[PDB]
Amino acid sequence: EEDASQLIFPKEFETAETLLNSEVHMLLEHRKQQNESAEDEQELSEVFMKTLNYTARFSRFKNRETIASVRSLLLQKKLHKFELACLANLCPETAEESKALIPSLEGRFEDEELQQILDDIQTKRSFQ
């Protein structure tokens, strides 16, 4: 019934906002600092831990401010909450690839423009 490749999502996830793995990581990092300090609270869940590591391991923008610039950059482009977060997480490098991974992007922009967005994202990438 649902299919992200056509931006067909369930109702529940409509009024929702997407999060980059980087943002998730930042948020989870804060929740940990809270659990750590201020005792009288059980260790966090396995689900947390696994998400904390996965998220970190795939965070492409390690700086808080950087993250915001990526978000805003894409934000001002006719993109779906899903499409935005997906471009930031997967960072494809070419429009072709881009369209392949996120078919919903087809026909939204000229390859030229789409390649601009991809290239800008790469620029914010906090390589290592």
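Just count from 1 along the sequence shown to find any residue number.
- Remark: stretch with higher mean C-alpha B factor among 97-105 and 28-36 is 28-36.
- Per the PDB record, of the two stretches 38-46 and 78-86, 38-46 carries the greater mean B-factor over its C-alpha atoms.
- Ranked by C-alpha B-factor against the other modelled residues of its chain, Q116 falls in the middle third.
- When the modelled residues of the chain are ordered by C-alpha B-factor, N53 sits in the lowest third.
- Among all modelled residues in its chain, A68 ranks in the middle third by Cα B-factor.
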